[PDB]
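Encoded as structure tokens, the structure appears first; notes follow it.
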Number of protein chains: 2
Amino acid sequence: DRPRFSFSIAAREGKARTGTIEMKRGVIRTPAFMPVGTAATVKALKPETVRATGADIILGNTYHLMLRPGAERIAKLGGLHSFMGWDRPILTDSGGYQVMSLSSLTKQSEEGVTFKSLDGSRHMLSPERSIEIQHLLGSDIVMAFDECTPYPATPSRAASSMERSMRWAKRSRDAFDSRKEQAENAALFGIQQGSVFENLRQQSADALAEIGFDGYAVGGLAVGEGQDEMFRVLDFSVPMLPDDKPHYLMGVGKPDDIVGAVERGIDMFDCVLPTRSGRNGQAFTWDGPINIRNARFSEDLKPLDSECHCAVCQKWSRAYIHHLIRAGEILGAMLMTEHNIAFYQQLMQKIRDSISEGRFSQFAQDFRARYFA
Amino acid sequence: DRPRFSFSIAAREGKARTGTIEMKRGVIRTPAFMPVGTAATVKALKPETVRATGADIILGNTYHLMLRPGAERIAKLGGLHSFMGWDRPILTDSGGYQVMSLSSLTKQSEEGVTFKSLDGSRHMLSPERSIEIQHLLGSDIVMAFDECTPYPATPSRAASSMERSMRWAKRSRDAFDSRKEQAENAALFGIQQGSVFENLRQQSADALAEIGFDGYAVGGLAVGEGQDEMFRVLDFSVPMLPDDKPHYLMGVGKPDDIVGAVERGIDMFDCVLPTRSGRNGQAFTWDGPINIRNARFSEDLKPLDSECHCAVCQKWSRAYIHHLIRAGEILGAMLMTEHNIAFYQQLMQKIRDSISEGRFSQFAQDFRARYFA
Ligand SMILES: CNc1nc2c(CC[C@H]3O[C@@H](OC)[C@H](O)[C@@H]3O)c3nc(N)[nH]c(=O)c3cc2[nH]1
Ligand SMILES: CNc1nc2c(CC[C@H]3O[C@@H](OC)[C@H](O)[C@@H]3O)c3nc(N)[nH]c(=O)c3cc2[nH]1
Ligand SMILES: [Cl-]
Ligand SMILES: [Cl-]
Ligand SMILES: [Zn+2]
Ligand SMILES: [Zn+2]
């Protein structure tokens, strides 16, 4: 039987790595893309379809599930896996991003964060409660409860925020370890903060490594800083993390962001872009994104992408999908989403294979030349 | 190879019949239920899923497709079957119901009907244009262009409407026959009108039989008359139609309506109820409909129906589907719709098998006793 957690690196090229994470519920091929399913569903897809696209793991969120249908309720019903019908690993975010994004709904203290408004209803999160919710969900990869520092941030505020997150990281560690069933069957990842500042990123990495985690996320990015800045921060931040554990870049991203992040040592990704923008009519192709709503696609018999191996591209035309999306038809959302998630997984497969073969640098160059032609 | 059209009756019980319609694109088992897909999609289902539920044929609509994406456009793209990815028979309604339902948008004459409002855009239908559109779509069963008489109607107005429909039926016949490819590969059904009046129903049946059609629809019902009245009209109306051709009751209906209509000699049905009410949270079960939104289902681990063989009932709980529908999630619509269409197809299968075995009367009684308990 598989271990609780084992990350193995099979091949490297520069800072890029490819390998596997073995967990009780399955193997995760890295670099990995995690489709997002905040409401216990990857929007518009059956779990079998998510799996058919090549996904090894999906992401859920403590915050959303706490509100609906409720953490205790999901536990009573047998856990998140049984509830939604996905039997493979699930990573759950801790709510720490919502601490920032929904801050106007919040009262924050060193103890935790209380969210208000069911109208005006209150829900509390803290390192202890976040870890408890993730246990109730039966999460396989549990994220520490942090605060995603807003961007931009002054060095003083970035430091204060990061320092609180490191204290919360220790509390997350202790809460996780104190629950035997969780400690024995799930993994716990810490989240590096520090905004765009090298010294704070170093302090955060050191604090997290001292505590010790199964994996290390780079938090606090993909919050409006832009690719140049994000890459600049990754350049110094990723090498600060333990080399022998997975590196997870939260919230990234567009295909080119993913490629560049892998070039900088990232092993795991999540983003709503393929799902959300899919429902909005944006389809990813090897020649760049297209908006299927555009009148130029109304009689285009080609598939969304000329090479894509997904079921959507095997069967339906751009013209049909154009019609569906224009008409607001549910099947439009379904087909766009399946194709985009499949595209993302094919991207990850090409990345993995090219690293394994020592030709990732060439792949990255070729990918960019064509995607941005 | 299969014929253009051959209806064979394999077994009978009272007025009920079971058999097959063989057409070039496939065999239709009767009594048959046709899922509705007005916008070139059965809402929230891939065609493969529609087929997996047991559907042999689906319904499209001349009116909706004329407006979006356009009949000529669909023809240019290779026809409706290729466009939407359903390779089996498709029946297309003629627009005659919309002549009534959208009458405030219309100017009507003996020549046809023009619909207004793309803002204020005009679109014309007539027997000739309706049949032409259905040809452009590549419909397998073409419906005559009629007018669904509003309900209630005075005998005078019902007569005038019916008489116009019979003139339009002859024009539909001639338009269909004048197009060699259509005449050789598709079938044409006439539509009986006459409101709730026996003498007008008889005149309409006689006119249609004199013209001659491949099948005969009972039109002008399921327009607010209620089951008692609908059944009363079917009691005298269905025997007026040629016995050796299919009898299609347009717009019906709830499960009990279908059972009673089969008891009265109906072979084919269409209705948006399982799809539309599915998206609205109504699930059909052998113990009657339930509304999955109801709080009583929030922690109910049972499938939607205890006996249903559909994929949804094999995998997901009422509690999960309750959550999805409450959350407005697309997967909620998908799962409810697949289950409801599967339920309807299982109903049709039970009807067919019971007629084949000479125990349909018993089935109808048992069905009603449990469904309305
Ligand atoms: C988009 N960029 C981005 N996403 C981020 C997320 C996930 C949001 C999570 O919240 C939901 O999206 C709003 C989804 O479930 C998503 O996985 C983050 N989560 C934590 N705990 N800490 C961060 O510093 C953080 C930074 C992010 N930057
Ligand atoms: C609901 N009851 C009912 N439906 C009916 C339809 C189909 C509407 C068609 O229009 C669309 O639904 C509005 C769907 O495509 C549907 O198949 C009818 N069509 C014709 N041509 N003539 C009728 O007398 C008629 C009567 C109906 N009664
Ligand atoms: Cl999404
Ligand atoms: Cl519908
Ligand atoms: Zn594709
Ligand atoms: Zn079912």
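In the structure tokens, each chain is lettered A, B, ... as it comes, each chain's residues begin at 1, and ligands are numbered from 1 in order of appearance.
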Any idea what's packed within 10 Å of segment 323-332 of chain A, counting only C-alpha atoms, ignoring anything in its chain fewer than 2 positions away? Could you give it as an MDAnalysis selection string? (chainID A and resid 44 278:281 292:295 297:299 317:321 334:337) or (chainID B and resid 39:47 68:69 84 330:331 333:334)
Mind checking DSSP for segment 215-304 of chain B and telling me the strand (DSSP E) residues as a PDB file with N, CA, C and O atoms, in the first residue's frame?
ATOM      1  N   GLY B 215     -47.090   9.379 -40.290  1.00  0.00           N
ATOM      2  CA  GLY B 215     -47.493   9.312 -38.899  1.00  0.00           C
ATOM      3  C   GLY B 215     -48.464  10.446 -38.637  1.00  0.00           C
ATOM      4  O   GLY B 215     -48.571  11.383 -39.427  1.00  0.00           O
ATOM      5  N   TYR B 216     -49.186  10.364 -37.529  1.00  0.00           N
ATOM      6  CA  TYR B 216     -50.237  11.323 -37.225  1.00  0.00           C
ATOM      7  C   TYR B 216     -50.079  11.797 -35.796  1.00  0.00           C
ATOM      8  O   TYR B 216     -50.110  10.996 -34.858  1.00  0.00           O
ATOM      9  N   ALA B 217     -49.881  13.098 -35.636  1.00  0.00           N
ATOM     10  CA  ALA B 217     -49.829  13.677 -34.305  1.00  0.00           C
ATOM     11  C   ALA B 217     -51.202  14.160 -33.864  1.00  0.00           C
ATOM     12  O   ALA B 217     -52.017  14.610 -34.685  1.00  0.00           O
ATOM     13  N   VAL B 218     -51.461  14.028 -32.567  1.00  0.00           N
ATOM     14  CA  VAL B 218     -52.583  14.703 -31.951  1.00  0.00           C
ATOM     15  C   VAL B 218     -52.065  16.033 -31.437  1.00  0.00           C
ATOM     16  O   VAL B 218     -51.315  16.083 -30.453  1.00  0.00           O
ATOM     17  N   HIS B 247     -48.901   7.237 -33.694  1.00  0.00           N
ATOM     18  CA  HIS B 247     -49.736   8.290 -33.119  1.00  0.00           C
ATOM     19  C   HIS B 247     -48.886   9.058 -32.115  1.00  0.00           C
ATOM     20  O   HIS B 247     -48.391   8.485 -31.139  1.00  0.00           O
ATOM     21  N   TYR B 248     -48.705  10.349 -32.359  1.00  0.00           N
ATOM     22  CA  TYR B 248     -47.762  11.157 -31.587  1.00  0.00           C
ATOM     23  C   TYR B 248     -48.530  12.241 -30.823  1.00  0.00           C
ATOM     24  O   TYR B 248     -49.131  13.121 -31.428  1.00  0.00           O
ATOM     25  N   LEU B 249     -48.521  12.169 -29.495  1.00  0.00           N
ATOM     26  CA  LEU B 249     -49.195  13.187 -28.682  1.00  0.00           C
ATOM     27  C   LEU B 249     -48.213  14.299 -28.321  1.00  0.00           C
ATOM     28  O   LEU B 249     -47.299  14.100 -27.530  1.00  0.00           O
ATOM     29  N   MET B 268     -45.943   7.951 -29.317  1.00  0.00           N
ATOM     30  CA  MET B 268     -44.809   8.877 -29.232  1.00  0.00           C
ATOM     31  C   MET B 268     -45.176  10.103 -28.419  1.00  0.00           C
ATOM     32  O   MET B 268     -46.312  10.568 -28.468  1.00  0.00           O
ATOM     33  N   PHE B 269     -44.177  10.646 -27.725  1.00  0.00           N
ATOM     34  CA  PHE B 269     -44.332  11.748 -26.783  1.00  0.00           C
ATOM     35  C   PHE B 269     -43.122  12.667 -26.831  1.00  0.00           C
ATOM     36  O   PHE B 269     -41.997  12.203 -27.042  1.00  0.00           O
ATOM     37  N   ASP B 270     -43.345  13.959 -26.576  1.00  0.00           N
ATOM     38  CA  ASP B 270     -42.253  14.886 -26.257  1.00  0.00           C
ATOM     39  C   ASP B 270     -42.731  15.801 -25.151  1.00  0.00           C
ATOM     40  O   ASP B 270     -43.920  16.106 -25.068  1.00  0.00           O
ATOM     41  N   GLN B 282     -36.844  19.494  -9.489  1.00  0.00           N
ATOM     42  CA  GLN B 282     -37.825  18.421  -9.379  1.00  0.00           C
ATOM     43  C   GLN B 282     -37.263  17.130  -9.952  1.00  0.00           C
ATOM     44  O   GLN B 282     -36.858  17.097 -11.109  1.00  0.00           O
ATOM     45  N   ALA B 283     -37.217  16.088  -9.127  1.00  0.00           N
ATOM     46  CA  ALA B 283     -36.752  14.772  -9.550  1.00  0.00           C
ATOM     47  C   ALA B 283     -37.911  13.794  -9.562  1.00  0.00           C
ATOM     48  O   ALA B 283     -38.699  13.741  -8.614  1.00  0.00           O
ATOM     49  N   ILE B 290     -40.178  14.573  -6.298  1.00  0.00           N
ATOM     50  CA  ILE B 290     -39.691  15.239  -5.100  1.00  0.00           C
ATOM     51  C   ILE B 290     -39.021  16.538  -5.508  1.00  0.00           C
ATOM     52  O   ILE B 290     -38.515  16.656  -6.634  1.00  0.00           O
ATOM     53  N   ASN B 291     -39.024  17.530  -4.625  1.00  0.00           N
ATOM     54  CA  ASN B 291     -38.181  18.689  -4.896  1.00  0.00           C
ATOM     55  C   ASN B 291     -36.925  18.655  -4.061  1.00  0.00           C
ATOM     56  O   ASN B 291     -36.944  18.846  -2.837  1.00  0.00           O
TER      57      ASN B 291
END
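For the choices A:314, A:103, A:139, A:161, the atom-to-atom distance to chain B is smallest for A:314 when using only C-alpha atoms.
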Which residues of chain B come within 9 Å of ligand 6, and for each one, what is the closest pair of atoms and their distance in Å to one decimal, counting only C-alpha atoms and all ligand atoms, sorted by chain and residue number, as CSV?
residue,atom,partner,partner_atom_place_in_ligand_line,distance
B:283,CA,ligand 6,1 (Zn),8.8
B:284,CA,ligand 6,1 (Zn),8.5
B:285,CA,ligand 6,1 (Zn),8.2
B:303,CA,ligand 6,1 (Zn),7.2
B:304,CA,ligand 6,1 (Zn),6.0
B:305,CA,ligand 6,1 (Zn),5.8
B:306,CA,ligand 6,1 (Zn),8.3
B:307,CA,ligand 6,1 (Zn),7.9
B:308,CA,ligand 6,1 (Zn),4.6
B:309,CA,ligand 6,1 (Zn),5.9
B:310,CA,ligand 6,1 (Zn),4.2
B:311,CA,ligand 6,1 (Zn),6.5
B:312,CA,ligand 6,1 (Zn),5.2
B:313,CA,ligand 6,1 (Zn),4.2
B:314,CA,ligand 6,1 (Zn),7.3
B:335,CA,ligand 6,1 (Zn),8.7
B:336,CA,ligand 6,1 (Zn),8.3
B:338,CA,ligand 6,1 (Zn),7.4
B:339,CA,ligand 6,1 (Zn),4.1
B:340,CA,ligand 6,1 (Zn),6.9
B:341,CA,ligand 6,1 (Zn),8.7
B:342,CA,ligand 6,1 (Zn),6.4
B:343,CA,ligand 6,1 (Zn),6.3
Mind writing the picked residues with C-alpha atoms as a PDB file, in the first residue's frame?
ATOM      1  CA  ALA B 283     -36.752  14.772  -9.550  1.00  0.00           C
ATOM      2  CA  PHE B 284     -39.050  11.994 -10.723  1.00  0.00           C
ATOM      3  CA  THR B 285     -39.260   8.832  -8.615  1.00  0.00           C
ATOM      4  CA  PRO B 303     -30.075   8.181  -4.375  1.00  0.00           C
ATOM      5  CA  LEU B 304     -32.785  10.270  -6.068  1.00  0.00           C
ATOM      6  CA  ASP B 305     -34.780   7.085  -6.670  1.00  0.00           C
ATOM      7  CA  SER B 306     -34.351   3.742  -4.893  1.00  0.00           C
ATOM      8  CA  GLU B 307     -34.656   1.536  -7.996  1.00  0.00           C
ATOM      9  CA  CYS B 308     -33.437   3.782 -10.815  1.00  0.00           C
ATOM     10  CA  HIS B 309     -30.543   2.306 -12.795  1.00  0.00           C
ATOM     11  CA  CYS B 310     -29.138   5.619 -14.007  1.00  0.00           C
ATOM     12  CA  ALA B 311     -25.526   6.675 -13.470  1.00  0.00           C
ATOM     13  CA  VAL B 312     -26.596   9.503 -11.174  1.00  0.00           C
ATOM     14  CA  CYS B 313     -28.414   7.158  -8.802  1.00  0.00           C
ATOM     15  CA  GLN B 314     -25.482   4.750  -8.845  1.00  0.00           C
ATOM     16  CA  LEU B 335     -27.271  15.354 -12.690  1.00  0.00           C
ATOM     17  CA  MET B 336     -30.954  16.195 -12.229  1.00  0.00           C
ATOM     18  CA  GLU B 338     -29.700  12.934 -16.625  1.00  0.00           C
ATOM     19  CA  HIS B 339     -31.704  11.234 -13.890  1.00  0.00           C
ATOM     20  CA  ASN B 340     -35.061  12.626 -15.068  1.00  0.00           C
ATOM     21  CA  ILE B 341     -34.493  11.670 -18.698  1.00  0.00           C
ATOM     22  CA  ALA B 342     -33.313   8.231 -17.568  1.00  0.00           C
ATOM     23  CA  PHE B 343     -36.431   7.887 -15.422  1.00  0.00           C
TER      24      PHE B 343
END
Got a sec to check which residues lie within 7 Å of ligand 1, using only C-alpha atoms and all ligand atoms, and send them as a ChimeraX atom specification? /A:36-38,59-61,93-98,143,145-149,191,193,219-223,250-252,270-272
So, counting only C-alpha atoms and all ligand atoms, which residue among A:157, A:23, A:88, A:273 is closest to ligand 3? A:273
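Around residue 5 of chain B, within 12 Å and counting only C-alpha atoms, the residues found are residues 1, 2, 8, 20, 21, 22, 23, 24, 25, 26, 27, 28, 89, 140, 141, 183, 184, 185, 186, 187, 188, 189, 213, 214, 215, 245 and 246 of chain B, once anything fewer than 3 positions away on its own chain is removed.
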Using only C-alpha atoms, which of the listed residues (A:316, A:109, A:208, A:348) sits closest to chain B? A:316
